[PDB]
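Residue numbers (the authors' numbering), protein chains in the order written: chain C, 202 to 424, 427 to 549; chain A, 203 to 423, 427 to 549; chain D, 3 to 140; chain B, 3 to 140.
No residue lacks a Cβ here, since even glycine has one placed at the ideal position from N, Cα and C.
This report refers to the structure that appears directly beneath it.
This is how it looks when you write it as structure tokens:
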């Protein structure tokens, strides 16, 4: 029947005795015949599910690093009871099942998951049914494509083709300004721009924008529900989702007056200009484009206490006194991620 | 339903209205034309018959024309001329101004042809569009290519070129790499196929290695095919999944190989026409492929001509001799072009 | 000479076609993707700069296989003063992307598209690219 | 040490996997195909010779997109004398292929595959390739 808890500690000790540190090999060959267990009058039958489960549990708890196991001469009719072995001993690369009563290959399907370098099925009734070793090896290889050795005989090379696909992404950088001139100019410009933008009276922006300047707003799709984005919800422009042209025209603001008029309607904001991440997509004599990734907090209404993340794209044509004049403006707004919220302000 | 003479008159009027230098054909107000009216000929382009006729004439006499004008002819329907794509494919300019067309849909039928310039000014359909943007997009859907509409230049058409390649390398005849392999391999082939064609193939035992493997294959197809004789010996790992049988179609040692080769029908090979490729060269081995044709002399196969691809792996032997370790023969019926150039 | 709304409409059509072309090509035919970019074009991939067709091609060959799924897209025509006598457009996209062996991530990307006219045919090329992850810090 | 029939069977399995791998990669992801060929390996494409990983990669980059359809396959294990201490196999294939902008054509191709063993993992690479059209004359 079930084994007493006290007997399990003793068995554990026996396993520890049978375990070998240097080779990482645990021997359970003829476990019932073991003198100690017999001397303690403890009877352990490995083909029984309880004792096996116990043994696997002991293996997982005590030794997760073991690379080799021996279950020979234990008279196991069925191999499903140890099917958990893949999780219990993942590192395991060598298994010996010689001398047992299993007559069929099918039993291995349950032990398929784990990968072994070497296996032993010698002496079992199943080996007798196969006419030629080719059938044997193929039949075993289907379950363990990786193993190098079977029944003490090294095998033909395992069948694998390496496409050698890449998996490594490029190293991420914070901000790209190219020449320092652009760093100074662009950053300075952002300081001024968002200093005016955060003030509360945004008409100061009219000196920054061009006469024919275009501006637009977008947000990630929410599948209304009065979500935090619901204020920007009335203005967002998505060409993928909105196919009507006459509206598309209008969701875009053609001239500086309409742009700033539209911008004044947007809620008051507080921007971490220090944390801003700037990328300069392109630079030409005629124009300059750059993208600004950051986060902002609003100061008015109930929604104010919420923190939003934003990506803003700017195209600029040069202006007098080393100033740059915006021709196109695109704002992408979303609620900020937790990681972004945590590092919101320094 | 017009007399041929009237069709000749119409042809003449078209020839008069045609312009060589500009390759432009004017058919403006064809019914109002003084000559046709004076000749008492009445041509109504909006009618399907007359339209078919004029189009047929366009096709018959001048297929080179690049520009046409169908203004002020009161055409309500554009399907009757939908064949225009076939009649005048080269056409790059079309004018339908001043006509009775009521909807844009009428254009769908004239979609196939490609125009740089189109004119829809004066038609009833133009009134429905609010802004020129809708107009231009609506017309552009049918003709994404056109640069000009109603005499007004348009924004550049929007097209993106992935620049996928479509051109294959020029095919070459035979590759030996270094000339030594040419002389050696060709010599080897001369001797091999000299012995192979004899009828008594026992001469081959000196060429093959002791553990040498040989196999045969044919293109997947039923009965009484010219290849049907080889079908019984052909080996296809894809169509046959059984291993023990796969083993049988392979001949492990030279005895079984030449014994098997003796079972193959008698052959005569055009060694001159042979096309040789050297897949690989190593200190330890040399591989090459031989593409050619051969004709058999005995059996049902008699008088028939076959095409073949045979691959050889060879390990060096003394005095520049080659010893075959692996042999694969692929046999198929020859192409007409190959049969024509079969011998001499 | 030409209406303003026309530029908006044409720009929209351009963007919605381009998204399809570029992302389908990036997913299916990575090799051909690079040819869309003009030589002068500059690419900013998470703060890494790539200039010239060659570097673009190698850089794109280097990257894992991808299966983009696009959430939202937006576009605007660009003032002629920035590119005189040349038709150009700005497109921005936000979506999700899945690279081989890397977890799925949301992404924001913007393109500048310039129309280039040749006597035989007219075609659009990418004058700039900037790609960044929403959460590039992790 | 090991029986011959086992080598035959292994050759069959090898061929059956390799066909799928090579032609599927050639169809879907042309970029990675080259990684299969060894550096030493040589490719004979209609009598055109290609040597070295780089030249192979560029050559494969040059080619149109493909849609192979495989009619028949055959394979044989290779005598050890040809590659001492190295497991290798010969495979031949005949099929039809449809290249971009070119009509479908029947083709015959043969590969020599050598097994390469590293302490960490064992992988197979193509030691040679020869591709030719049934009707290269046209």
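| query | Can you tell me whether DSSP reads residue 458/A as helix, strand or coil? | reply | coil
| query | For residue 256/A, which three-state DSSP category applies? | reply | helix
| query | How would you label residue 532/C, buried or exposed, when you count the other beta carbons within 10 angstroms and need 16 or more for buried? | reply | buried
| Proximity test, Cβ basis, 8 Å: residue 83/B and chain D | Chain D contact via Cβ: absent.
| request: Report yes or no: is there a C-beta of chain A within less than 8 Å of the C-beta of residue 448/C? | output: yes
| task | Could you tell me which residues DSSP pairs with residue 97/B in its beta bridges? | result | Per DSSP, 72/B and 109/B.
| Taking 8 Å as the CB-CB cut-off, is residue 273/C touching chain A? | With respect to chain A, the C-beta atom of residue 273/C has no partner C-beta closer than 8 Å.
| Do you know whose CA, among 333/C, 518/C and 435/C, lies nearest residue 507/C's CA? | 435/C
| Residues in its own chain within less than 8 Å of residue 27/D by CB, not counting five upstream and five downstream? | 34, 35 and 38
| said: Taking the beta strand (DSSP E) that residue 514/A belongs to, which residues open and close that run? | reply: 510-521
| If you draw a straight line from the C-alpha of residue 379/C to the C-alpha of residue 62/B, how long is it? | 36 Å
| task | Could you tell me which residues DSSP puts in a beta bridge with residue 128/B? | result | 39/B and 115/B
| Taking DSSP as the reference, what is the three-state secondary structure of residue 25/B? | helix
| query | Can you tell me the Cα-Cα spacing of residue 481/A and residue 446/A, whole angstroms? | reply | If you take the alpha carbons of residue 481/A and residue 446/A, they lie about 32 Å apart.
| said: At the 8 Å Cβ level, is residue 461/C part of the contact set with chain D, yes or no? | reply: no
| query | When the Cα atoms are used, what is the spatial distance from residue 325/A to residue 45/D? | reply | Residue 325/A and residue 45/D: Cα-Cα distance of roughly 48 Å.
| Residue-chain proximity (residue 341/C, chain B), Cβ-Cβ < 8 Å | Cβ-Cβ to chain B under 8 Å: no for residue 341/C.
| request: Could you please give the first and the last residue of the uninterrupted beta strand (DSSP E) stretch that includes residue 500/C? | output: 491-501
| task | Would you check if the distance between the CB atom of residue 136/D and the CB atom of residue 112/D is smaller than 8 Å? | result | no
| said: When you compare the CB positions of residue 335/A and residue 7/D, do they come within less than 8 Å of one another, or not? | reply: Between residue 335/A and residue 7/D, the gap from beta carbon to beta carbon is short of 8 Å.
| message | Taking the beta carbon of residue 426/C as the centre, do at least 16 other beta carbons fall within 10 Å, making it buried, or is it exposed? | response | This structure gives no coordinates for residue 426/C. The numbering of chain C moves from 424 immediately to 427.
| said: Only counting the same chain, and skipping five residues up and downstream in sequence, which positions put a Cβ closer than 8 Å to that of residue 318/A? | reply: 294, 295, 347, 348, 349 and 350
| Short check: CB of residue 483/C to CB of residue 320/C, under 8 Å? | Result no, Cβ atoms of residue 483/C and residue 320/C do not sit closer than 8 Å.
| query | What is the C-beta distance between residue 462/C and residue 414/C, in whole angstroms, given that I count them as a contact (C-beta under 8 Å)? | reply | 6 Å
| request: Between the Cα of residue 557/C and those of 243/C, 539/C and 390/C, spot the shortest distance and give me the residue it belongs to. | output: For chain C, the structure presents residues 202 to 549; residue 557/C sits outside this window and is missing.
| query | Alpha carbon to alpha carbon, how far is residue 58/B from residue 52/B? | reply | Our two residues, residue 58/B and residue 52/B, have alpha carbons roughly 6 Å apart in a direct line.
| query | Can you find at least 3 beta carbon pairs, one from the region 257-264 of chain C and one from the region 231-238 of chain C, that sit closer than 8 Å? | reply | no
| query | For residue 278/C, is the classification buried or exposed, using 16 other Cβ atoms within 10 angstroms of its Cβ as the cut-off for buried? | reply | Counting of Cβ neighbours within 10 angstroms places residue 278/C among the exposed residues, the total staying below 16.
| Residues of its chain near residue 491/C, where Cβ-Cβ distance is below 6 Å and the 5 sequence neighbours each way are ignored | 519
| task | Could you confirm whether any beta carbon from chain B is found closer than 8 Å to the beta carbon of residue 365/C? | result | yes
| message | For a test of your reading of the model: does the CB of residue 206/C fall under 7 Å from any non-hydrogen atom of the ligand MG? Yes or no. | response | The ligand MG is not part of the structure shown, which contains no ligands of any sort.
| Rounded Cβ spacing between residue 92/D and residue 114/D (contact assumed at less than 8 Å) | Indeed they touch by this definition, with Cβ atoms about 6 Å apart.
| query | Can we say the region 456-476 of chain A touches the region 367-381 of chain A, given the rule of at least three CB pairs closer than 8 Å? | reply | no
| field | Residues of its chain near residue 431/C, where Cβ-Cβ distance is below 7 Å and the 5 sequence neighbours each way are ignored | value | 506, 509 and 538
| DSSP three-state assignment for residue 405/C, whether helix, strand or coil | helix
| field | Length of the line joining the Cα atoms of residue 547/A and residue 497/A | value | Rounded to the nearest angstrom, the two C-alpha atoms are 9 Å apart.
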